[PDB]
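In what follows, a structure is listed as structure tokens, so that the remarks can point back to it.
Number of protein chains: 4
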Amino acid sequence: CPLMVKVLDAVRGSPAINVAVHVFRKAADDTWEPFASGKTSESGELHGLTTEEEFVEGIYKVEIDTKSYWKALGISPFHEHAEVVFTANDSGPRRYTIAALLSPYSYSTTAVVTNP
Amino acid sequence: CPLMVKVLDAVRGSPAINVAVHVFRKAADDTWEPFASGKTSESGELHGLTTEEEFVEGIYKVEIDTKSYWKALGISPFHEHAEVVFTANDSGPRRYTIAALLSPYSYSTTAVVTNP
Amino acid sequence: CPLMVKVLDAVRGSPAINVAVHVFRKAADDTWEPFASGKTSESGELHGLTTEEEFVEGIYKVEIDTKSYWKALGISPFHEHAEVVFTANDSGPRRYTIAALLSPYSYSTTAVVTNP
Amino acid sequence: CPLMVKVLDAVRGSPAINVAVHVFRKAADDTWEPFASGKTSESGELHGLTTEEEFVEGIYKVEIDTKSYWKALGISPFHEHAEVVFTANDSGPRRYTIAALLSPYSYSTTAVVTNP
Ligand SMILES: Cc1c(Cl)cccc1Nc1ncccc1C(=O)O
Ligand SMILES: Cc1c(Cl)cccc1Nc1ncccc1C(=O)O
Ligand code: NA
Ligand code: NA
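Residue numbers (the deposited numbering), protein chains in the order written: chain B, 10 to 125; chain A, 10 to 125; chain A', 10 to 125; chain B', 10 to 125. A prime marks a further copy of an entry chain.
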């Protein structure tokens, strides 16, 4: 699998567990079409979203449902969700990790792109 | 000025100047309607986007055009843009500062919310 | 004011008020000598730490007393403090803003450096 | 091993490879005594720094030698190093991951503390 998502909690110092993640691919008419989805594991990670054959070049959006995560902890958050929008490019390294670090009023996101 | 956007560059240690910003508001049919737009000044700040009268309750999306910023400086970055999606004014009028700190493969965003 | 410190709270979406800050400068025997100190105001900012005359070339350490900040709000955080260590004025006088964004188990820090 | 260090590069979107890391423990006279050290691997990770028997409660400092990392890439950085100072506590979960995300003029750090 060429795409993994990892989510961390900056308030508790822990993985962010059971967070819903939705991935979309941009269609030719500029709409966002559902591509893959899941929930983070006990390690904060979501594996197996796609395959090499399916993950062709194009623009993708990863939506992390942060508002529901904070509400289940009893904490009032700012954002509706965190959105990560990027182009997949076959020239570059082949494995994409999209990571996010969550606080109630802030988030940080980075990409780690590597070649096995 | 109940909505201000501030952008910093983590590579240069400077304000991020001339960054385009587009704000949208979710309409009653669930589409994103254009609401306001502008670009950051020499201080990295974008003022004057809206007014207390026009900035009603709603779900707003602040799109910060990070790719165009980096490409103008000769850098091929990861993200298409940074998107900040939040509900505003649901407990009455507030003042919002949306800030972002930019790197080629990462960004952080936070909100400062005050009650005038 | 060639040195300013700004601190934000990522849990509340607000300035971090009443945060103690201690600045040190490395001496010719390699020890950290006390240089200046203060606390952040209602805006999260600490002004007036030093002057253009006293802020000579050197290696400086800005210690932001994050643990004491969180403990006063009822939160047991991870870090003792946040430390920012940098060489200043090695190409002539500059103005430095040291900013930090705080969560219980995380912090981000960045510098804005300008030439007056 | 109860302590792991992980370092990421926000400019290149990659692990930060071959970064020197030094760990110190605070002594009774308030000085910092060398405890363990190493260099990050090709995955940006440094394993095997200590053992359960040796990693007793106390105050520790993790110094990440970011300045040398950026200089070897040809990039002028701001900080001398990144410093992470924290108390180890036997009550909490048993495995500490200290992670840092590096840019030339900024860094973010978080702790992930979990129980096997
Ligand atoms: C310091 C910082 C980090 Cl580390 C990350 C994101 C924004 C900021 N800065 C701000 N964020 C919100 C409002 C104001 C600022 C500022 O730096 O003036
Ligand atoms: C340490 C950190 C910060 Cl400070 C901010 C955002 C992500 C991370 N962590 C990661 N980011 C990307 C890929 C992996 C990780 C990780 O911590 O395993
Ligand atoms: Na309401
Ligand atoms: Na010089």
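Built from N, CA and C at the ideal position, the CB exists for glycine as well.
Any non-hydrogen atom of ligand 4 within 7 Å of residue i CB
i: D99 (chain A'); result: yes
DSSP three-state assignment for residue i, whether helix, strand or coil
i: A81 (chain A'); result: helix
i: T75 (chain A); result: helix
i: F87 (chain A'); result: coil
i: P125 (chain A'); result: coil
i: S112 (chain B); result: strand
i: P11 (chain A'); result: coil
i: residue 8 (chain B); result: Missing from the structure shown is residue 8 (chain B); chain B here goes from 10 to 125 and no further.
i: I26 (chain B'); result: coil
i: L58 (chain B); result: coil
i: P102 (chain A); result: coil
i: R21 (chain A'); result: coil
i: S50 (chain B); result: coil
i: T40 (chain A); result: coil
Heavy atom of ligand 2 within 7 Å of residue i beta-carbon
i: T119 (chain B); result: yes
i: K80 (chain A); result: no
i: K15 (chain B'); result: yes
i: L58 (chain B'); result: no
i: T40 (chain B'); result: no
i: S115 (chain A'); result: yes
Euclidean distance between Cα positions of residue i and residue j
i: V121 (chain B); j: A108 (chain A); result: 23 Å
i: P125 (chain B); j: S52 (chain B'); result: 11 Å
i: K15 (chain A); j: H56 (chain B'); result: 39 Å
i: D74 (chain A); j: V30 (chain A); result: 6 Å
i: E66 (chain B); j: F87 (chain A); result: 14 Å
i: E72 (chain B'); j: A81 (chain A'); result: 27 Å
i: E61 (chain A'); j: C10 (chain A'); result: 7 Å
i: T49 (chain A'); j: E63 (chain B); result: 52 Å
i: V20 (chain A); j: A19 (chain B'); result: 9 Å
i: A36 (chain B'); j: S115 (chain A); result: 37 Å
i: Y69 (chain A'); j: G101 (chain A'); result: 15 Å
i: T123 (chain B'); j: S117 (chain A); result: 25 Å
i: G22 (chain B); j: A25 (chain B'); result: 22 Å
i: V32 (chain B); j: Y105 (chain A'); result: 41 Å
i: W79 (chain A'); j: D39 (chain B); result: 45 Å
i: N27 (chain A); j: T119 (chain B); result: 23 Å
i: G83 (chain A); j: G83 (chain A'); result: 47 Å
i: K76 (chain A); j: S85 (chain A); result: 8 Å
i: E54 (chain B); j: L17 (chain A'); result: 29 Å
i: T59 (chain B'); j: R103 (chain A'); result: 42 Å
i: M13 (chain A); j: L12 (chain A'); result: 25 Å
i: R34 (chain B); j: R34 (chain A); result: 22 Å
i: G47 (chain B); j: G47 (chain A'); result: 48 Å
Ligand 1 heavy atom lying under 7 Å from the CB of residue i
i: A91 (chain B); result: no
i: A108 (chain A'); result: yes
Cβ contact (3+ pairs, closer than 8 Å) linking the segment 85-98 of chain A and the segment 40-57 of chain A | no
Are there three or more Cβ pairs, one per stretch, closer than 8 Å when the segment 109-118 of chain B is compared with the segment 73-92 of chain B?
-> yes
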